[PDB]
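Participant: Just so it is clear, I am handing over input.cif, which has mmCIF, C-alpha atoms and all ligand atoms.
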```cif
data_entry
loop_
_atom_site.label_atom_id
_atom_site.label_comp_id
_atom_site.auth_asym_id
_atom_site.auth_seq_id
_atom_site.Cartn_x
_atom_site.Cartn_y
_atom_site.Cartn_z
CA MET A 1 7.18 -15.87 3.89
CA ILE A 2 4.49 -13.19 4.52
CA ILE A 3 4.47 -10.55 7.29
CA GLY A 4 1.44 -8.54 8.36
CA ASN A 5 -0.72 -7.49 11.30
CA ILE A 6 -3.94 -9.23 12.39
CA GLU A 7 -5.86 -6.01 13.08
CA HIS A 8 -5.36 -4.95 9.44
CA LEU A 9 -6.00 -7.82 7.05
CA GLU A 10 -5.64 -6.82 3.40
CA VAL A 11 -6.85 -8.38 0.17
CA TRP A 12 -3.25 -9.28 -0.66
CA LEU A 13 -3.35 -11.96 2.01
CA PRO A 14 -4.70 -15.23 0.52
CA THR A 15 -8.37 -15.43 1.43
CA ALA A 16 -8.11 -18.75 3.28
CA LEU A 17 -5.44 -17.24 5.53
CA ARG A 18 -7.43 -14.05 6.10
CA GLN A 19 -10.41 -16.17 7.17
CA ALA A 20 -8.31 -18.26 9.56
CA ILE A 21 -6.90 -15.15 11.27
CA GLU A 22 -10.38 -13.66 11.53
CA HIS A 23 -11.44 -16.90 13.21
CA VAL A 24 -8.63 -16.53 15.74
CA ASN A 25 -9.55 -12.87 16.26
CA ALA A 26 -13.20 -13.71 16.86
CA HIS A 27 -12.71 -16.64 19.24
CA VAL A 28 -9.44 -16.18 21.17
CA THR A 29 -9.42 -14.13 24.39
CA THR A 30 -6.72 -13.56 26.98
CA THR A 31 -8.31 -16.41 28.99
CA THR A 32 -8.06 -19.05 26.24
CA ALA A 33 -5.89 -21.80 27.66
CA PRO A 34 -2.91 -23.32 25.84
CA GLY A 35 -4.06 -26.07 23.51
CA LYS A 36 -5.43 -27.09 20.13
CA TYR A 37 -8.57 -25.49 18.73
CA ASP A 38 -10.68 -26.38 15.73
CA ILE A 39 -11.57 -24.57 12.55
CA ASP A 40 -11.95 -27.08 9.68
CA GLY A 41 -10.94 -30.66 10.45
CA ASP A 42 -7.28 -31.39 9.70
CA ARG A 43 -7.30 -28.76 6.95
CA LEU A 44 -7.33 -25.74 9.30
CA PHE A 45 -6.83 -25.54 13.07
CA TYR A 46 -4.80 -23.52 15.53
CA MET A 47 -2.77 -23.79 18.72
CA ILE A 48 -2.53 -21.34 21.61
CA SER A 49 0.73 -21.33 23.52
CA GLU A 50 2.70 -19.34 26.07
CA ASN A 51 6.46 -19.77 26.44
CA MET A 52 9.60 -18.00 27.50
CA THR A 53 11.73 -16.82 24.60
CA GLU A 54 15.28 -18.09 24.48
CA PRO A 55 18.55 -17.07 22.80
CA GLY A 56 18.10 -17.94 19.14
CA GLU A 57 21.47 -19.70 19.08
CA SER A 58 20.10 -22.22 21.64
CA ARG A 59 17.21 -23.54 19.46
CA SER A 60 17.11 -25.47 16.22
CA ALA A 61 15.25 -24.15 13.20
CA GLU A 62 12.36 -26.13 11.70
CA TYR A 63 10.39 -26.65 8.53
CA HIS A 64 7.29 -28.57 7.48
CA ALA A 65 6.28 -30.52 4.39
CA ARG A 66 2.47 -30.43 4.37
CA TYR A 67 1.27 -27.61 6.64
CA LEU A 68 1.61 -23.86 6.32
CA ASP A 69 2.03 -21.94 9.60
CA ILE A 70 0.55 -18.59 10.57
CA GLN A 71 2.48 -17.37 13.63
CA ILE A 72 0.48 -14.68 15.49
CA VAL A 73 1.80 -12.75 18.49
CA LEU A 74 -1.03 -12.25 21.00
CA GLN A 75 1.02 -10.76 23.84
CA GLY A 76 4.70 -9.98 24.21
CA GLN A 77 7.64 -9.45 21.87
CA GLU A 78 9.08 -12.27 19.77
CA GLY A 79 12.19 -12.66 17.65
CA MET A 80 11.23 -14.67 14.56
CA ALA A 81 14.27 -16.08 12.75
CA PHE A 82 14.06 -17.56 9.26
CA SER A 83 15.92 -18.27 6.02
CA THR A 84 15.04 -17.18 2.50
CA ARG A 85 16.78 -20.27 1.07
CA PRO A 86 15.78 -23.96 1.00
CA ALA A 87 16.47 -26.01 4.11
CA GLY A 88 19.88 -27.55 4.74
CA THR A 89 20.38 -31.07 6.11
CA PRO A 90 18.14 -31.73 9.15
CA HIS A 91 19.50 -33.40 12.25
CA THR A 92 15.96 -34.68 12.92
CA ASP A 93 13.51 -35.69 10.18
CA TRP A 94 10.01 -36.48 11.46
CA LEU A 95 8.23 -35.25 8.34
CA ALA A 96 6.29 -38.46 7.73
CA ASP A 97 5.10 -38.93 11.30
CA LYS A 98 4.77 -35.34 12.54
CA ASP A 99 5.32 -33.02 9.52
CA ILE A 100 8.40 -31.45 11.11
CA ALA A 101 12.15 -31.53 10.63
CA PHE A 102 14.72 -29.75 12.78
CA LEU A 103 18.05 -28.43 11.61
CA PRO A 104 20.89 -26.17 12.74
CA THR A 105 20.87 -22.41 12.29
CA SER A 106 21.70 -21.39 8.72
CA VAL A 107 24.55 -19.06 7.81
CA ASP A 108 22.01 -16.74 6.14
CA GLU A 109 19.50 -16.60 9.03
CA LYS A 110 17.52 -13.35 9.39
CA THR A 111 15.42 -12.13 12.31
CA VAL A 112 12.33 -9.92 12.44
CA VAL A 113 10.96 -8.62 15.74
CA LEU A 114 7.23 -9.29 16.12
CA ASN A 115 5.02 -7.32 18.49
CA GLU A 116 1.41 -7.80 19.56
CA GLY A 117 -0.84 -8.46 16.58
CA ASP A 118 2.00 -9.04 14.11
CA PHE A 119 1.91 -12.31 12.16
CA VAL A 120 4.18 -14.25 9.81
CA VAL A 121 3.18 -16.93 7.29
CA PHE A 122 5.60 -19.78 6.52
CA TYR A 123 4.70 -22.13 3.67
CA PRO A 124 6.00 -25.73 3.63
CA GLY A 125 9.77 -25.79 3.21
CA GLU A 126 10.28 -22.29 4.61
CA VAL A 127 12.82 -22.54 7.43
CA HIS A 128 11.83 -20.75 10.62
CA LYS A 129 12.80 -20.48 14.28
CA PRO A 130 10.17 -18.93 16.57
CA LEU A 131 10.44 -17.69 20.15
CA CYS A 132 13.90 -16.11 19.89
CA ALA A 133 14.74 -13.74 22.72
CA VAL A 134 14.84 -10.00 22.08
CA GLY A 135 17.08 -8.92 24.91
CA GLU A 136 16.24 -10.74 28.11
CA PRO A 137 14.06 -13.88 27.83
CA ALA A 138 10.41 -13.08 28.40
CA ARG A 139 7.01 -14.68 27.92
CA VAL A 140 5.26 -14.62 24.56
CA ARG A 141 1.65 -15.77 24.11
CA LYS A 142 0.88 -16.75 20.53
CA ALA A 143 -1.55 -18.43 18.20
CA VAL A 144 -0.19 -20.70 15.48
CA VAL A 145 -2.61 -21.49 12.65
CA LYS A 146 -1.90 -24.66 10.67
CA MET A 147 -3.31 -25.01 7.18
CA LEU A 148 -2.91 -28.16 5.09
CA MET A 149 -1.49 -27.39 1.65
CA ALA A 150 -2.95 -29.20 -1.37
CA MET B 1 4.70 -8.01 2.50
CA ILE B 2 6.54 -11.06 1.10
CA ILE B 3 10.20 -11.97 1.65
CA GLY B 4 12.09 -14.50 -0.47
CA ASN B 5 15.17 -15.05 -2.63
CA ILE B 6 15.35 -14.77 -6.41
CA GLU B 7 17.29 -18.02 -6.76
CA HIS B 8 14.49 -20.04 -5.11
CA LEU B 9 11.10 -19.15 -6.57
CA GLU B 10 8.72 -21.53 -4.86
CA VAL B 11 5.19 -22.72 -5.63
CA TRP B 12 3.80 -20.35 -2.98
CA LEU B 13 4.87 -17.18 -4.77
CA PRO B 14 2.06 -15.69 -6.90
CA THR B 15 2.62 -16.59 -10.54
CA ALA B 16 2.85 -13.00 -11.82
CA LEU B 17 5.52 -12.20 -9.22
CA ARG B 18 7.48 -15.31 -10.18
CA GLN B 19 7.31 -14.40 -13.87
CA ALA B 20 8.51 -10.85 -13.24
CA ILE B 21 11.52 -12.06 -11.21
CA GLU B 22 12.25 -14.66 -13.90
CA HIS B 23 12.44 -11.80 -16.40
CA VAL B 24 14.86 -9.85 -14.21
CA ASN B 25 17.00 -12.96 -13.77
CA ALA B 26 17.15 -13.55 -17.53
CA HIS B 27 17.74 -9.96 -18.69
CA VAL B 28 19.81 -8.19 -16.03
CA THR B 29 23.56 -8.74 -15.92
CA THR B 30 25.97 -7.46 -13.31
CA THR B 31 26.83 -4.74 -15.89
CA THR B 32 23.31 -3.51 -16.73
CA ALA B 33 23.34 0.25 -16.31
CA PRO B 34 21.00 2.14 -13.95
CA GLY B 35 17.75 3.14 -15.58
CA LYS B 36 14.19 2.10 -16.37
CA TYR B 37 13.51 -1.11 -18.29
CA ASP B 38 9.99 -1.93 -19.46
CA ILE B 39 8.68 -5.49 -19.51
CA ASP B 40 5.09 -4.63 -20.47
CA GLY B 41 5.11 -0.84 -20.84
CA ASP B 42 3.91 0.93 -17.73
CA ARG B 43 1.96 -2.13 -16.58
CA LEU B 44 5.24 -3.88 -15.65
CA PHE B 45 8.76 -2.48 -15.57
CA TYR B 46 11.85 -2.39 -13.40
CA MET B 47 14.44 0.15 -12.31
CA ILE B 48 18.13 -0.66 -11.88
CA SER B 49 19.85 1.55 -9.33
CA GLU B 50 23.13 1.90 -7.43
CA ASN B 51 22.65 4.02 -4.32
CA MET B 52 24.35 4.50 -1.00
CA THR B 53 22.44 3.37 2.06
CA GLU B 54 21.54 5.96 4.72
CA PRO B 55 20.51 5.64 8.39
CA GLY B 56 16.76 5.16 8.54
CA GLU B 57 16.12 7.56 11.41
CA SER B 58 14.37 10.83 10.53
CA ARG B 59 14.01 9.73 6.88
CA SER B 60 10.58 9.24 5.31
CA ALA B 61 8.73 6.00 4.58
CA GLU B 62 6.45 5.71 1.54
CA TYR B 63 3.59 3.75 0.03
CA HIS B 64 1.87 3.40 -3.32
CA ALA B 65 -1.73 3.24 -4.49
CA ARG B 66 -1.57 1.18 -7.69
CA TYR B 67 1.90 -0.33 -8.17
CA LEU B 68 3.20 -3.32 -6.29
CA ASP B 69 6.98 -3.26 -5.65
CA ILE B 70 9.36 -6.18 -5.92
CA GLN B 71 12.61 -4.92 -4.36
CA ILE B 72 15.57 -7.15 -5.27
CA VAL B 73 19.10 -6.79 -3.88
CA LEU B 74 21.46 -7.51 -6.77
CA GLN B 75 24.72 -6.69 -4.95
CA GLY B 76 25.36 -5.60 -1.38
CA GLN B 77 23.45 -5.47 1.89
CA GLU B 78 20.36 -3.34 2.51
CA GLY B 79 18.29 -2.55 5.56
CA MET B 80 14.62 -2.73 4.52
CA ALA B 81 12.38 -0.88 6.96
CA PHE B 82 8.61 -1.29 6.89
CA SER B 83 5.38 -1.21 8.89
CA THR B 84 2.87 -4.01 9.31
CA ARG B 85 0.11 -1.45 9.93
CA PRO B 86 -1.74 0.85 7.51
CA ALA B 87 -0.17 4.18 6.68
CA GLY B 88 -0.52 7.11 9.05
CA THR B 89 -0.74 10.72 8.00
CA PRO B 90 1.63 11.66 5.16
CA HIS B 91 3.55 14.86 4.82
CA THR B 92 3.08 14.63 1.03
CA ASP B 93 0.33 12.89 -0.94
CA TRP B 94 1.16 12.41 -4.63
CA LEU B 95 -0.82 9.16 -4.93
CA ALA B 96 -3.22 10.11 -7.71
CA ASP B 97 -0.62 11.61 -10.07
CA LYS B 98 2.67 9.92 -9.13
CA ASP B 99 1.51 6.82 -7.15
CA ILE B 100 3.45 7.78 -4.00
CA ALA B 101 2.82 9.25 -0.57
CA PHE B 102 5.59 10.05 1.90
CA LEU B 103 5.28 9.89 5.66
CA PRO B 104 7.41 10.08 8.81
CA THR B 105 8.71 6.94 10.48
CA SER B 106 6.03 4.96 12.29
CA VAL B 107 6.31 4.03 15.96
CA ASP B 108 6.15 0.37 14.93
CA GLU B 109 8.80 0.42 12.16
CA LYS B 110 10.59 -2.90 11.61
CA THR B 111 13.77 -3.67 9.70
CA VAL B 112 14.92 -6.82 7.90
CA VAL B 113 18.45 -7.14 6.52
CA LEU B 114 18.55 -8.14 2.84
CA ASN B 115 21.61 -9.61 1.13
CA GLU B 116 22.44 -10.60 -2.45
CA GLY B 117 19.45 -12.25 -4.09
CA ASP B 118 16.93 -11.49 -1.36
CA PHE B 119 13.70 -9.78 -2.37
CA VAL B 120 10.70 -8.20 -0.70
CA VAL B 121 7.26 -7.54 -2.13
CA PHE B 122 5.12 -4.57 -1.06
CA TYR B 123 1.51 -4.43 -2.23
CA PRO B 124 -0.17 -1.02 -2.55
CA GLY B 125 -0.70 0.57 0.86
CA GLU B 126 2.20 -1.30 2.47
CA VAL B 127 4.53 1.20 4.14
CA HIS B 128 8.23 0.76 3.39
CA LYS B 129 11.56 2.56 3.63
CA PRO B 130 14.33 1.08 1.47
CA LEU B 131 18.07 1.67 1.51
CA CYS B 132 18.61 1.85 5.28
CA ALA B 133 22.21 1.52 6.38
CA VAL B 134 23.40 -1.65 8.10
CA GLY B 135 26.42 -0.44 10.01
CA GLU B 136 28.41 1.91 7.80
CA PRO B 137 26.64 3.34 4.73
CA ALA B 138 27.53 1.24 1.69
CA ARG B 139 26.49 0.91 -1.94
CA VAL B 140 23.63 -1.40 -2.88
CA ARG B 141 22.77 -2.37 -6.45
CA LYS B 142 19.04 -3.11 -6.80
CA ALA B 143 16.23 -3.96 -9.18
CA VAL B 144 12.80 -2.58 -8.26
CA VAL B 145 9.94 -4.10 -10.24
CA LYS B 146 6.76 -2.01 -10.51
CA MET B 147 3.65 -4.03 -11.33
CA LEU B 148 0.23 -2.52 -11.93
CA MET B 149 -2.34 -4.23 -9.72
CA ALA B 150 -6.00 -4.96 -10.29
CA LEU B 151 -8.70 -2.85 -8.60
CA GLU B 152 -9.09 -5.26 -5.66
CA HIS B 153 -5.48 -4.61 -4.59
CA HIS B 154 -5.53 -0.82 -4.81
CA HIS B 155 -4.78 1.21 -1.68
CA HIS B 156 -7.76 2.18 0.49
CA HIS B 157 -7.80 5.07 2.95
CA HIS B 158 -10.13 3.34 5.44
ZN ZN A 201 6.36 -24.28 12.37
ZN ZN A 202 8.09 1.71 -3.22
#
```
Translate the structure of the given file into structure tokens.

Facilitator:
Amino acid sequence: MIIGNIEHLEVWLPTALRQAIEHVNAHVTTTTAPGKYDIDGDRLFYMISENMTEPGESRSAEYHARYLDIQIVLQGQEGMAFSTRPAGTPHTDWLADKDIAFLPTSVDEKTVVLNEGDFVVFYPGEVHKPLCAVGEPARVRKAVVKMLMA
Amino acid sequence: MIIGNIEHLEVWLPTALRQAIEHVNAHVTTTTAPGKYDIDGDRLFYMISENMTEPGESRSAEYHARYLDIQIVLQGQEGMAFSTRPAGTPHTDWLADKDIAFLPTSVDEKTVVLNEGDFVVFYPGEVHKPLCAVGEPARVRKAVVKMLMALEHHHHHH
């Protein structure tokens, strides 16, 4: 996984990901409604969302098979949980239809706290659990970039 | 910065990083003594160390201008502190001669807990503070790979 901040994109970020984040930076405002927004067909697009965080123990983790995720905090504070090891057995496998599988929290799960402008990149297979509460549940507004891997 | 685990080197990890970790995996035992071990002279080498963790507060972060770091936990549990933002003002700038600048903790400092086999990658300019205590101070055995980067990846002041 990769961690960075959207106001400070460096050459070490793969160029296609840098360009996607710059697209989000150039087009998203605080008034952009929740929904799906275009960049490059099914190869690159992004979703705006706003949700309450919740205790990490109350959500399943997820992974994808075809799409990379860029998770960008626009407003708020988000606990991002993840594993550095391959996914365990999912309780839900919708990879063919929806490119997502859900599975229970791993023994090795880590958490990083993300503030405004921070982003994380998860490549296919990387287990992640967004929107974990940091203290009391609270609203987080985010962009999630999806990029189709070759 | 990149986070992964040395037992699961995936297609998304840059090839040169994968090959360096593969070398560490094939040449470091649990007995390998602390010291400096060259893979390709000063273009690519690693340090084996056994240090005690310390609380991160009031200790200095650092960054480099030319070397990328791969920090690998071989044994133990390490708090890895870091910043997602460019470096602020250092108290000491030894970048040109020693490839390191030291600076006080940033307001935005984050920490991730690393266990056996976990690794993090810091490109030049990425601010980091290794060896932070997780609970009580404890010993951590590590490999730190130093890899000379091409011009495009060098640190920039602005
Ligand atoms: Zn996802
Ligand atoms: Zn370093």

Participant: With a cut-off of 9 Å, could you pull out the residues of chain A touching ligand ZN 201 (chain A) and give me the nearest pair of atoms for each, distance in Å to one decimal, using all atoms listed in the file, ordered by chain and ascending number, as JSON lines?

Facilitator:
```
{"residue": "A:61", "atom": "CA", "partner": "A:ZN201", "partner_atom": "ZN", "distance": 8.9}
{"residue": "A:62", "atom": "CA", "partner": "A:ZN201", "partner_atom": "ZN", "distance": 6.3}
{"residue": "A:63", "atom": "CA", "partner": "A:ZN201", "partner_atom": "ZN", "distance": 6.1}
{"residue": "A:64", "atom": "CA", "partner": "A:ZN201", "partner_atom": "ZN", "distance": 6.6}
{"residue": "A:67", "atom": "CA", "partner": "A:ZN201", "partner_atom": "ZN", "distance": 8.4}
{"residue": "A:68", "atom": "CA", "partner": "A:ZN201", "partner_atom": "ZN", "distance": 7.7}
{"residue": "A:69", "atom": "CA", "partner": "A:ZN201", "partner_atom": "ZN", "distance": 5.6}
{"residue": "A:70", "atom": "CA", "partner": "A:ZN201", "partner_atom": "ZN", "distance": 8.3}
{"residue": "A:71", "atom": "CA", "partner": "A:ZN201", "partner_atom": "ZN", "distance": 8.0}
{"residue": "A:100", "atom": "CA", "partner": "A:ZN201", "partner_atom": "ZN", "distance": 7.6}
{"residue": "A:122", "atom": "CA", "partner": "A:ZN201", "partner_atom": "ZN", "distance": 7.4}
{"residue": "A:124", "atom": "CA", "partner": "A:ZN201", "partner_atom": "ZN", "distance": 8.9}
{"residue": "A:126", "atom": "CA", "partner": "A:ZN201", "partner_atom": "ZN", "distance": 8.9}
{"residue": "A:127", "atom": "CA", "partner": "A:ZN201", "partner_atom": "ZN", "distance": 8.3}
{"residue": "A:128", "atom": "CA", "partner": "A:ZN201", "partner_atom": "ZN", "distance": 6.7}
{"residue": "A:129", "atom": "CA", "partner": "A:ZN201", "partner_atom": "ZN", "distance": 7.7}
{"residue": "A:130", "atom": "CA", "partner": "A:ZN201", "partner_atom": "ZN", "distance": 7.8}
{"residue": "A:144", "atom": "CA", "partner": "A:ZN201", "partner_atom": "ZN", "distance": 8.1}
{"residue": "A:146", "atom": "CA", "partner": "A:ZN201", "partner_atom": "ZN", "distance": 8.4}
```

Participant: Find the residues near ligand ZN 202 (chain A). Use a cut-off of 12 Å, count all atoms listed in the file, and write them as an MDAnalysis selection string.

Facilitator: chainID B and resid 1 46:47 60:72 80:82 95 98:102 120:131 143:147

Participant: Those residues you just picked out, can you put them in a file as a PDB file, in the coordinates of the input with C-alpha atoms?

Facilitator:
```pdb
ATOM      1  CA  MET B   1       4.700  -8.010   2.500  1.00  0.00           C
ATOM      2  CA  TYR B  46      11.850  -2.390 -13.400  1.00  0.00           C
ATOM      3  CA  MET B  47      14.440   0.150 -12.310  1.00  0.00           C
ATOM      4  CA  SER B  60      10.580   9.240   5.310  1.00  0.00           C
ATOM      5  CA  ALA B  61       8.730   6.000   4.580  1.00  0.00           C
ATOM      6  CA  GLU B  62       6.450   5.710   1.540  1.00  0.00           C
ATOM      7  CA  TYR B  63       3.590   3.750   0.030  1.00  0.00           C
ATOM      8  CA  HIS B  64       1.870   3.400  -3.320  1.00  0.00           C
ATOM      9  CA  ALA B  65      -1.730   3.240  -4.490  1.00  0.00           C
ATOM     10  CA  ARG B  66      -1.570   1.180  -7.690  1.00  0.00           C
ATOM     11  CA  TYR B  67       1.900  -0.330  -8.170  1.00  0.00           C
ATOM     12  CA  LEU B  68       3.200  -3.320  -6.290  1.00  0.00           C
ATOM     13  CA  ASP B  69       6.980  -3.260  -5.650  1.00  0.00           C
ATOM     14  CA  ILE B  70       9.360  -6.180  -5.920  1.00  0.00           C
ATOM     15  CA  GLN B  71      12.610  -4.920  -4.360  1.00  0.00           C
ATOM     16  CA  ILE B  72      15.570  -7.150  -5.270  1.00  0.00           C
ATOM     17  CA  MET B  80      14.620  -2.730   4.520  1.00  0.00           C
ATOM     18  CA  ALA B  81      12.380  -0.880   6.960  1.00  0.00           C
ATOM     19  CA  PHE B  82       8.610  -1.290   6.890  1.00  0.00           C
ATOM     20  CA  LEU B  95      -0.820   9.160  -4.930  1.00  0.00           C
ATOM     21  CA  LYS B  98       2.670   9.920  -9.130  1.00  0.00           C
ATOM     22  CA  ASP B  99       1.510   6.820  -7.150  1.00  0.00           C
ATOM     23  CA  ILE B 100       3.450   7.780  -4.000  1.00  0.00           C
ATOM     24  CA  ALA B 101       2.820   9.250  -0.570  1.00  0.00           C
ATOM     25  CA  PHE B 102       5.590  10.050   1.900  1.00  0.00           C
ATOM     26  CA  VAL B 120      10.700  -8.200  -0.700  1.00  0.00           C
ATOM     27  CA  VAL B 121       7.260  -7.540  -2.130  1.00  0.00           C
ATOM     28  CA  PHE B 122       5.120  -4.570  -1.060  1.00  0.00           C
ATOM     29  CA  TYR B 123       1.510  -4.430  -2.230  1.00  0.00           C
ATOM     30  CA  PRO B 124      -0.170  -1.020  -2.550  1.00  0.00           C
ATOM     31  CA  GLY B 125      -0.700   0.570   0.860  1.00  0.00           C
ATOM     32  CA  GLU B 126       2.200  -1.300   2.470  1.00  0.00           C
ATOM     33  CA  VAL B 127       4.530   1.200   4.140  1.00  0.00           C
ATOM     34  CA  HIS B 128       8.230   0.760   3.390  1.00  0.00           C
ATOM     35  CA  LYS B 129      11.560   2.560   3.630  1.00  0.00           C
ATOM     36  CA  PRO B 130      14.330   1.080   1.470  1.00  0.00           C
ATOM     37  CA  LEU B 131      18.070   1.670   1.510  1.00  0.00           C
ATOM     38  CA  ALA B 143      16.230  -3.960  -9.180  1.00  0.00           C
ATOM     39  CA  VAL B 144      12.800  -2.580  -8.260  1.00  0.00           C
ATOM     40  CA  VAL B 145       9.940  -4.100 -10.240  1.00  0.00           C
ATOM     41  CA  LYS B 146       6.760  -2.010 -10.510  1.00  0.00           C
ATOM     42  CA  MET B 147       3.650  -4.030 -11.330  1.00  0.00           C
TER      43      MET B 147
END
```

Participant: What separation in Å, quoted to one decimal, exists between CA of residue 84 (chain A) and CA of residue 7 (chain B)?

Facilitator: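 Computed distance, CA of residue 84 (chain A) to CA of residue 7 (chain B), equals 9.6 Å.
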
Participant: As a list in words, please: the residues near residue 31 (chain A) (cut-off 12 Å, all atoms listed in the file, same-chain neighbours under 5 positions excluded).

Facilitator: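 Near residue 31 (chain A), the qualifying residues are residues 48, 49, 50, 74 and 141 of chain A.
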
Participant: Do me a favour and pick out the residues of chain B within 10 Å of chain A, using only C-alpha atoms, as a PyMOL selection string.

Facilitator: chain B and resi 1-13+83-86+108-115+117-126+152-156

Participant: To one decimal place in Å, what is the distance between CA of residue 143 (chain A) and CA of residue 58 (chain A)?

Facilitator: 22.2 Å

Participant: Can you tell me how far CA of residue 14 (chain B) sits from CA of residue 39 (chain A), in Å to one decimal?

Facilitator: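 Answer for the CA of residue 14 (chain B) to CA of residue 39 (chain A) separation: 25.4 Å.
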
Participant: Set the distance at 12 Å and use only C-alpha atoms: which residues neighbour residue 27 (chain B) once local chain neighbours fewer than 6 positions away are removed? I'd like the list as number ranges by chain.

Facilitator: B: 20-21, 33, 37-39, 46, 48, 143

Participant: Given 6 Å on each side, where is the centre and what are the edge lengths in Å to one decimal of the axis-aligned box enclosing the listed atoms of region 136-147 of chain B, as lines of an AutoDock Vina configuration file?

Facilitator:
```
center_x = 16.0
center_y = -0.4
center_z = -1.8
size_x = 36.8
size_y = 19.4
size_z = 31.1
```

Participant: Could you check which of A:88, A:107, A:147, A:56 is closest to residue 16 (chain A), using all atoms listed in the file?

Facilitator: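 Closest candidate: A:147.
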
Participant: Please check which residues have atoms at most 9 Å from (16.7, -18.7, 24.5) in the file's coordinates, counting all atoms listed in the file, and write them as a VMD selection string.

Facilitator: chain A and resid 52 to 59 131 to 133 136 to 137
